[PDB]
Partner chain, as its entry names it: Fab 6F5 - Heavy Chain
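For reference, the chain that follows is the form deposited without the partner chain, supplied as structure tokens.
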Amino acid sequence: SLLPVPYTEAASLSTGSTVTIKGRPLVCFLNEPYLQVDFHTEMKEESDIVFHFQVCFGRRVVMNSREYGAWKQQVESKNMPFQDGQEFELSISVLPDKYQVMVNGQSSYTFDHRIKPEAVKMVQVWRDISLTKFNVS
């Protein structure tokens, strides 16, 4: 029932789209496992990133974009709704002005659009998780 990780899926997004991910960190929070979700402009892994969401479980979350190969202004959050050793459900909704990140049904992070979500062609979910579900509305 596990999906391969790194997980790559071609995707198209617009206002109203939701990306839902169900997974579990591979190790305890003391070990600082990571989760990364990247919305790419092309199927290639080295392409630009419209939205980069990286969790360091139990510590912090960083968000950014990678434009013409360069990381832009990093946004950091210490909000940590993820629970040690538990399965999580993460949903990323495309709103007119921003992305809204729900964790286990709780609004947890937002990121204003820097590039139109229509530029997205691929989503990659990777780092230290097992993945059971991935869906795009």
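Residue numbers count along the first chain shown, from 1.
Look at the mean CA B-factor for 26-34 and for 46-54 in the entry; the higher one is 26-34. Higher average CA B factor: 13-21, of the stretches 13-21 and 120-128. Each of 41, 73, 93, 110 has a CA temperature factor in the record; the biggest one is found at 73. Looking at the C-alpha B-factors along this chain, the one for residue 104 belongs to the middle third.
Although it is not shown, the form deposited with the partner chain bound is what the next lines describe.
Contact between residue 67 and the partner chain in the bound PDB entry is found at the 4.5 Å heavy atom cutoff. Within 4.5 Å of any heavy atom of the partner chain in the bound PDB entry lies no heavy atom of residue 22. Residues from 111-127 that approach the partner chain in the bound PDB entry with a non-hydrogen atom closer than or equal to 4.5 Å are 113, 114, 115, 116, 118, 119, in the order they occur in the chain.
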